[PDB]
Structure formats: C-alpha cells, structure tokens
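Heads up: the structure comes next, in structure tokens.
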Amino acid sequence: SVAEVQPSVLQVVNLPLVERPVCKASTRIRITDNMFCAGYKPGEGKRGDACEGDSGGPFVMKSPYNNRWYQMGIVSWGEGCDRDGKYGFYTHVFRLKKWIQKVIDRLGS
Amino acid sequence: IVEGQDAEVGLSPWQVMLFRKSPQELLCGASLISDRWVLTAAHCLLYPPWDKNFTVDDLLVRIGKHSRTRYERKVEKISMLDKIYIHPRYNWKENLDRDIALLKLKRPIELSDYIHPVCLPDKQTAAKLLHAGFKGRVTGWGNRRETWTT
Amino acid sequence: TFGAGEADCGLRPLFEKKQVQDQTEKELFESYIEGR
Amino acid sequence: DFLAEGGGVXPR
C-alpha cells in the first residue's frame with residue numbers, strides 16, 4: 001500500500017552544506033550555533049529538501065579520509081519544503097556531542 | 001523527502017523508524033548510533049505547541065526497514081524503549097535550539113546487513129568535513145511535497 | 001571520539017565492507033577534493 | 001515565538 005506524497009520506500013537526497021551567514025539571512029528566526037542549514041541555493045537549479053515526516057532522521061557525511069559515514073545532523077525544521085531561498089535546518093550533532101557523551105556515559109562525559 | 005529517490009536496500013543501516021503503539025503511525029525518523037542507543041529530535045517526542053508529550057510506553061522503534069508501509073518479516077526488528085532523554089536546554093518556543101533526544105532500547109538490538117550503527121563526528125572530522133559546499137545525505141519516509149494534500 | 005567510536009561504525013555491511021559503492025555516493029565525493 | 005515567524009517543525 002502507498003500513494004503519492006507519502007513515499008512507498010525510503011528516500012534519499014544528497015544536499016550541500018550552506019554557509020552560516022546565508023542561513024541566517026534566509027530566515028527571521030534566531031538561528032543558533034547548535035543548528036546548521038543545507039540545501040541548494042536558488043542560483044543552482046538543483047532541488048531537494050527534507051519534508052514533514054523526515055524529522056529526527058540523520059544528515060550524514062561519508063569521510064574521504066577513512067571511509068566511514070558520520071552523522072553530522074538531525075532533521076530539525078524549515079519553512080515549508082523546498083521553497084527557493086529557503087534552507088532546511090538541522091541540529092548540530094558535533095556541537096551537542098558533549099551532552100550525548102554525558103548521558104550515554106552515565107551522566108558523566 | 002523532496003526530490004529524492006528510492007534508496008537501495010541496506011543503504012542506510014542506521015535508519016530507525018519511530019512509530020506509535022496506539023493509534024499506529026509513523027512519528028519520525030531516527031538513527032541507531034549503537035546497539036542500544038537511538039538518536040532523534042526532541043520535538044519528535046516533546047512539542048507542547050502541538051500538544052505532544054510521548055513517554056516511553058507510547059513508542060516502538062522499528063529498525064532495519066526499507067518499506068514505509070509493510071511489516072518486513074526477515075529484516076525488520078521492532079523494539080521498545082527503556083529510557084528517554086530530552087536535552088535539558090531544548091527550546092521549542094523561541095527557536096528549536098538543542099533539538100536533540102536519545103532513546104535507550106529495552107535491550108541491545110542485533111546488528112545485521114540491515115542494522116548497523118553510524119559514527120558520531122569527532123573534532124578532526126567535524127573540522128575537515130563541515131564546509132559550505134560539501135554535500136551530506138538525508139533519508140526518510142517523509143512527504144515528497146509541501147502539503148495541501150495528505 | 002577520534003574517527004571510530006565502535007570501530008565498525010559507518011562501515012556498511014553491504015557497501016564499505018563489501019567494497020561496493022552506492023548509486024549516488026559519487027555526488028558526495030565529487031563535492032569534496034579540498035574545495036572548502 | 002518559532003510558530004509566529006513561520007518556523008515549521010518537521011508528520012502533520
């Protein structure tokens with residue numbers, strides 16, 4: 001069972017990291033270092049974005065040094081899905097990593 | 001996901017599906033970062049604006065899935081949560097700052113060709129990989145387009 | 001912290017472990033080099 | 001107020 005809008009099988013999309021100033025200028029919201037934005041700029045022709053239901057999911061990067069996949073972000077929020085001039089926001093895993101350590105390593109790390 | 005494509009099977013072995021016991025439904029995405037710990041957004045569980053406060057007994061975690069809809073016999077592992085941890089400085093009102101939460105599984109899951117944990121960045125990797133222009137990858141069973149529809 | 005936490009993490013059984021690449025993994029590599 | 005500025009948490 002499935003329709004159109006809600007996909008039948010898992011979906012993928014590779015997105016470019018956008019620089020902090022551009023992300024800030026793209027929204028009226030008080031963005032924070034704890035979040036980053038990604039997506040193609042309007043001057044790029046390529047589309048693609050996370051949308052409702054993708055929340056909580058991972059934004060990963062494959063390292064060219066060692067060939068491991070790292071989780072860089074968590075699908076957090078955005079203003080609609082794939083609007084030109086808008087960028088999807090993601091929690092900053094490396095920046096919140098110390099907290100992740102503390103709770104996994106029994107409230108200490 | 002908008003403008004994405006069907007994923008090859010086993011493409012994202014760390015992909016977890018946050019699901020609700022009752023009524024049954026897809027709640028969010030998540031990532032297996034080890035055999036016992038799952039990472040997800042704090043708003044997936046706690047978002048007062050939409051009257052959302054799921055506790056441990058409302059959610060199931062489905063790992064190893066490909067299809068959004070069907071129950072995948074051989075590959076899928078459904079699990080229950082032992083604990084839930086929402087970041088203490090999570091800000092849902094103002095800006096959704098610190099939108100991070102950890103789900104502790106009842107007991108460690110069993111890795112497979114379809115169930116494998118992702119790495120968490122470390123200082124060096126963060127510094128080398130996180131540059132504007134560089135691409136990352138997003139996966140999910142979310143909607144394909146903005147809604148005016150179901 | 002340093003690279004591998006689990007030593008096995010991020011190494012997909014069906015790809016990196018089998019020396020097989022996924023269909024669009026190349027898109028990621030290409031955006032790389034040292035361009036940023 | 002996130003909601004006031006159009007911000008949107010990710011199913012509806």
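Ordering of the structure tokens sets the chain letters (A, B, ...); residue numbers start at 1 within each chain; ligands are numbered from 1 in the order shown.
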Next item on the list: Name the residues in contact with residue 3 in chain C at a cut-off of 12 Å, using only C-alpha atoms, excluding same-chain residues fewer than 4 positions from it; report them as a ChimeraX atom specification.
Entry: /A:62-71 /B:118-126,128 /C:7-11
Keeping only N, CA, C and O atoms, write the selected residues as an mmCIF file, in the first residue's frame.
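File written: again-v8.cif
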```cif
data_model
loop_
_atom_site.group_PDB
_atom_site.id
_atom_site.type_symbol
_atom_site.label_atom_id
_atom_site.label_comp_id
_atom_site.auth_asym_id
_atom_site.auth_seq_id
_atom_site.Cartn_x
_atom_site.Cartn_y
_atom_site.Cartn_z
ATOM 1 N N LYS A 62 30.043 11.044 4.304
ATOM 2 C CA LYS A 62 30.993 9.952 4.183
ATOM 3 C C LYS A 62 32.372 10.567 4.151
ATOM 4 O O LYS A 62 32.664 11.399 3.290
ATOM 5 N N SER A 63 33.229 10.148 5.073
ATOM 6 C CA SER A 63 34.552 10.731 5.129
ATOM 7 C C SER A 63 35.429 10.268 4.009
ATOM 8 O O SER A 63 35.412 9.113 3.648
ATOM 9 N N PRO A 64 36.132 11.201 3.364
ATOM 10 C CA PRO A 64 37.015 10.820 2.260
ATOM 11 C C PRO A 64 38.359 10.344 2.804
ATOM 12 O O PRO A 64 39.143 9.746 2.080
ATOM 13 N N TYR A 65 38.622 10.616 4.082
ATOM 14 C CA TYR A 65 39.867 10.200 4.711
ATOM 15 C C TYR A 65 39.760 8.713 5.027
ATOM 16 O O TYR A 65 40.470 7.904 4.435
ATOM 17 N N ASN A 66 38.949 8.358 6.014
ATOM 18 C CA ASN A 66 38.685 6.944 6.309
ATOM 19 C C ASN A 66 37.371 6.841 5.569
ATOM 20 O O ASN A 66 36.751 7.882 5.329
ATOM 21 N N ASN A 67 36.865 5.659 5.263
ATOM 22 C CA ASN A 67 35.598 5.651 4.516
ATOM 23 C C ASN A 67 34.320 5.438 5.307
ATOM 24 O O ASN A 67 33.352 4.865 4.819
ATOM 25 N N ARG A 68 34.298 5.997 6.505
ATOM 26 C CA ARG A 68 33.179 5.863 7.402
ATOM 27 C C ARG A 68 32.149 6.957 7.224
ATOM 28 O O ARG A 68 32.474 8.105 6.892
ATOM 29 N N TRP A 69 30.915 6.598 7.553
ATOM 30 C CA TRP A 69 29.787 7.505 7.498
ATOM 31 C C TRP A 69 29.591 8.125 8.882
ATOM 32 O O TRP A 69 29.512 7.410 9.876
ATOM 33 N N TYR A 70 29.585 9.454 8.958
ATOM 34 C CA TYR A 70 29.398 10.148 10.222
ATOM 35 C C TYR A 70 28.040 10.841 10.225
ATOM 36 O O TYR A 70 27.540 11.203 9.164
ATOM 37 N N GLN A 71 27.393 10.927 11.385
ATOM 38 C CA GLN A 71 26.125 11.632 11.432
ATOM 39 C C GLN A 71 26.478 13.063 11.803
ATOM 40 O O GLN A 71 27.058 13.318 12.869
ATOM 41 N N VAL B 118 25.830 4.212 13.030
ATOM 42 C CA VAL B 118 26.586 5.280 12.372
ATOM 43 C C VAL B 118 27.605 5.863 13.343
ATOM 44 O O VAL B 118 27.478 5.732 14.557
ATOM 45 N N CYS B 119 28.621 6.518 12.820
ATOM 46 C CA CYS B 119 29.601 7.114 13.694
ATOM 47 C C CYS B 119 29.174 8.525 14.026
ATOM 48 O O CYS B 119 28.506 9.194 13.213
ATOM 49 N N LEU B 120 29.583 8.975 15.211
ATOM 50 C CA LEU B 120 29.345 10.342 15.674
ATOM 51 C C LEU B 120 30.653 11.068 15.329
ATOM 52 O O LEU B 120 31.753 10.536 15.541
ATOM 53 N N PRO B 121 30.552 12.304 14.826
ATOM 54 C CA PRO B 121 31.763 13.045 14.464
ATOM 55 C C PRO B 121 32.675 13.212 15.645
ATOM 56 O O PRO B 121 32.280 12.964 16.776
ATOM 57 N N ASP B 122 33.896 13.632 15.366
ATOM 58 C CA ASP B 122 34.896 13.901 16.384
ATOM 59 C C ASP B 122 35.528 15.177 15.875
ATOM 60 O O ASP B 122 35.424 15.468 14.683
ATOM 61 N N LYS B 123 36.161 15.940 16.757
ATOM 62 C CA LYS B 123 36.788 17.223 16.409
ATOM 63 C C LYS B 123 37.415 17.352 15.006
ATOM 64 O O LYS B 123 37.071 18.270 14.249
ATOM 65 N N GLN B 124 38.316 16.427 14.671
ATOM 66 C CA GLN B 124 39.021 16.417 13.392
ATOM 67 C C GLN B 124 38.117 16.254 12.190
ATOM 68 O O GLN B 124 38.287 16.958 11.196
ATOM 69 N N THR B 125 37.205 15.288 12.261
ATOM 70 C CA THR B 125 36.249 15.022 11.179
ATOM 71 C C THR B 125 35.291 16.198 11.004
ATOM 72 O O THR B 125 34.905 16.540 9.885
ATOM 73 N N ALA B 126 34.881 16.781 12.124
ATOM 74 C CA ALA B 126 33.964 17.905 12.105
ATOM 75 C C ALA B 126 34.641 19.028 11.368
ATOM 76 O O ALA B 126 34.096 19.568 10.405
ATOM 77 N N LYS B 128 37.164 18.933 9.243
ATOM 78 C CA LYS B 128 37.506 18.607 7.857
ATOM 79 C C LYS B 128 36.325 18.497 6.894
ATOM 80 O O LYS B 128 36.415 18.873 5.720
ATOM 81 N N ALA C 7 34.449 1.390 15.907
ATOM 82 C CA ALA C 7 35.460 0.732 15.070
ATOM 83 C C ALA C 7 34.812 0.029 13.895
ATOM 84 O O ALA C 7 35.460 -0.286 12.910
ATOM 85 N N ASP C 8 33.520 -0.201 14.008
ATOM 86 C CA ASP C 8 32.764 -0.863 12.979
ATOM 87 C C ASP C 8 31.771 0.132 12.379
ATOM 88 O O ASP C 8 31.283 -0.051 11.259
ATOM 89 N N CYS C 9 31.475 1.181 13.145
ATOM 90 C CA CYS C 9 30.501 2.204 12.758
ATOM 91 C C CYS C 9 30.732 2.878 11.426
ATOM 92 O O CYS C 9 31.872 3.077 10.996
ATOM 93 N N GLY C 10 29.627 3.205 10.765
ATOM 94 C CA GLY C 10 29.700 3.889 9.494
ATOM 95 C C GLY C 10 30.248 3.071 8.361
ATOM 96 O O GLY C 10 30.465 3.601 7.275
ATOM 97 N N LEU C 11 30.526 1.803 8.639
ATOM 98 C CA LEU C 11 31.028 0.868 7.642
ATOM 99 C C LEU C 11 29.879 -0.086 7.375
ATOM 100 O O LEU C 11 29.593 -1.002 8.165
#
```
Contacts between chain D and chain B, please, where a residue of chain B counts if it comes within 12 Å (with only C-alpha atoms); show its shortest atom pair and distance in Å to one decimal, rows by chain and ascending number, as CSV.
```
residue,atom,partner,partner_atom,distance
B:1,CA,D:10,CA,10.7
B:18,CA,D:11,CA,11.3
B:19,CA,D:11,CA,11.3
B:25,CA,D:11,CA,9.5
B:26,CA,D:11,CA,7.6
B:27,CA,D:11,CA,6.4
B:28,CA,D:11,CA,7.2
B:29,CA,D:10,CA,10.1
B:40,CA,D:10,CA,12.0
B:41,CA,D:10,CA,9.6
B:42,CA,D:9,CA,10.5
B:43,CA,D:9,CA,7.3
B:44,CA,D:10,CA,8.5
B:45,CA,D:9,CA,11.7
B:46,CA,D:9,CA,11.2
B:47,CA,D:9,CA,8.9
B:48,CA,D:3,CA,11.8
B:49,CA,D:3,CA,8.5
B:50,CA,D:12,CA,9.7
B:52,CA,D:12,CA,11.9
B:91,CA,D:2,CA,9.6
B:92,CA,D:2,CA,7.5
B:93,CA,D:1,CA,5.4
B:94,CA,D:1,CA,4.5
B:95,CA,D:2,CA,5.3
B:96,CA,D:2,CA,7.4
B:97,CA,D:2,CA,10.4
B:99,CA,D:9,CA,10.1
B:140,CA,D:10,CA,11.5
B:141,CA,D:11,CA,10.1
B:142,CA,D:11,CA,7.5
B:143,CA,D:11,CA,8.3
B:144,CA,D:11,CA,12.0
B:146,CA,D:12,CA,10.9
B:147,CA,D:12,CA,8.9
B:148,CA,D:12,CA,11.1
B:149,CA,D:12,CA,10.6
B:150,CA,D:12,CA,8.7
```
Expected file contents, prior selection, C-alpha atoms, as a PDB file, in the first residue's frame:
```pdb
ATOM      1  CA  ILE B   1      11.978  13.907   1.352  1.00  0.00           C
ATOM      2  CA  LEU B  18       9.916   5.939  15.401  1.00  0.00           C
ATOM      3  CA  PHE B  19       6.397   4.524  15.482  1.00  0.00           C
ATOM      4  CA  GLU B  25       1.538   5.580  12.868  1.00  0.00           C
ATOM      5  CA  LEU B  26       4.907   6.876  11.683  1.00  0.00           C
ATOM      6  CA  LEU B  27       6.075   9.545  14.138  1.00  0.00           C
ATOM      7  CA  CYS B  28       9.604  10.355  12.966  1.00  0.00           C
ATOM      8  CA  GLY B  29      12.992   9.226  11.779  1.00  0.00           C
ATOM      9  CA  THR B  40      16.363  11.645  17.249  1.00  0.00           C
ATOM     10  CA  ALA B  41      14.863  15.188  17.527  1.00  0.00           C
ATOM     11  CA  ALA B  42      13.445  16.346  20.888  1.00  0.00           C
ATOM     12  CA  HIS B  43      10.397  17.685  19.049  1.00  0.00           C
ATOM     13  CA  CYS B  44       9.558  14.192  17.832  1.00  0.00           C
ATOM     14  CA  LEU B  45       8.591  13.417  21.426  1.00  0.00           C
ATOM     15  CA  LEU B  46       8.037  16.759  23.053  1.00  0.00           C
ATOM     16  CA  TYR B  47       6.362  19.658  21.339  1.00  0.00           C
ATOM     17  CA  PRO B  48       3.766  21.393  23.573  1.00  0.00           C
ATOM     18  CA  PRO B  49       2.584  23.671  20.737  1.00  0.00           C
ATOM     19  CA  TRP B  50       1.010  20.617  19.109  1.00  0.00           C
ATOM     20  CA  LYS B  52       2.834  16.392  22.033  1.00  0.00           C
ATOM     21  CA  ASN B  91      13.881  25.380  23.364  1.00  0.00           C
ATOM     22  CA  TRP B  92      10.638  24.662  21.495  1.00  0.00           C
ATOM     23  CA  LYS B  93       9.144  28.143  21.953  1.00  0.00           C
ATOM     24  CA  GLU B  94      11.724  30.509  20.528  1.00  0.00           C
ATOM     25  CA  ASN B  95      13.890  28.701  18.010  1.00  0.00           C
ATOM     26  CA  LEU B  96      14.023  24.933  18.488  1.00  0.00           C
ATOM     27  CA  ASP B  97      17.550  25.174  19.884  1.00  0.00           C
ATOM     28  CA  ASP B  99      16.588  19.823  19.319  1.00  0.00           C
ATOM     29  CA  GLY B 140      13.390   9.271   5.329  1.00  0.00           C
ATOM     30  CA  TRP B 141       9.809   8.188   4.686  1.00  0.00           C
ATOM     31  CA  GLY B 142       8.607  11.770   4.928  1.00  0.00           C
ATOM     32  CA  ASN B 143       6.401  13.529   2.428  1.00  0.00           C
ATOM     33  CA  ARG B 144       7.573  14.196  -1.116  1.00  0.00           C
ATOM     34  CA  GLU B 146       4.706  20.535   0.694  1.00  0.00           C
ATOM     35  CA  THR B 147       1.211  19.860   1.945  1.00  0.00           C
ATOM     36  CA  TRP B 148      -2.153  20.999   0.570  1.00  0.00           C
ATOM     37  CA  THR B 149      -2.709  17.220   0.407  1.00  0.00           C
ATOM     38  CA  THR B 150      -2.431  14.188   2.699  1.00  0.00           C
TER      39      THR B 150
END
```
Next item on the list: Pick out the chain A residues within 8 Å of chain D. Count only C-alpha atoms. Give them as a list in words.
Entry: residues 28, 29, 51, 52, 53, 54, 55, 75, 76, 77, 78, 79 and 80 of chain A
Give me a file of those residues, with C-alpha atoms, as a PDB file, in the first residue's frame.
```pdb
ATOM      1  CA  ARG A  28      13.598  35.676  10.571  1.00  0.00           C
ATOM      2  CA  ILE A  29      14.214  33.021  13.230  1.00  0.00           C
ATOM      3  CA  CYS A  51       9.942  17.421   4.440  1.00  0.00           C
ATOM      4  CA  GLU A  52       7.276  16.540   7.004  1.00  0.00           C
ATOM      5  CA  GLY A  53       7.888  13.081   8.423  1.00  0.00           C
ATOM      6  CA  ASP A  54      11.649  13.148   7.871  1.00  0.00           C
ATOM      7  CA  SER A  55      12.132  14.780  11.245  1.00  0.00           C
ATOM      8  CA  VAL A  75      16.420  16.740  10.568  1.00  0.00           C
ATOM      9  CA  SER A  76      15.087  19.571  12.709  1.00  0.00           C
ATOM     10  CA  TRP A  77      12.989  22.167  10.896  1.00  0.00           C
ATOM     11  CA  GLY A  78      12.428  24.560   7.990  1.00  0.00           C
ATOM     12  CA  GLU A  79       9.812  26.850   6.423  1.00  0.00           C
ATOM     13  CA  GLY A  80       7.865  24.543   4.151  1.00  0.00           C
TER      14      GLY A  80
END
```
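For range 41-71 of chain A, backbone-based DSSP labels the following residues as strand (DSSP E or B): residues 49, 58, 59, 60, 61, 62, 69, 70 and 71 of chain A.
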Checklist line | Neighbour list for residue 66 in chain B as an NGL selection string, cut-off 8 Å, only C-alpha atoms, skip fewer than 3 positions in-chain | finding: (:A and (9-10)) or (:B and (9-10))
Item checked: chain C contacts on chain B, only C-alpha atoms, 12 Å, as number ranges by chain -> B: 4-15, 31-35, 111-138
Note to self: Would you pick out the contacts of range 47-50 of chain A at 6 Å or less, using only C-alpha atoms, so that residues sharing its chain but fewer than 5 positions from it are not included, and give the list as a PyMOL selection string?
What the structure shows: (chain A and resi 82) or (chain B and resi 1-3)
Check: Leaving out residue 83 in chain B and any residue of its chain fewer than 4 positions from it, which residues lie within 8 Å of it when counting only C-alpha atoms, given as an NGL selection string?
Finding: :B and (56 or 103-106)
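Coordinates place CA of residue 74 in chain A at a distance of 10.8 Å from CA of residue 94 in chain A.
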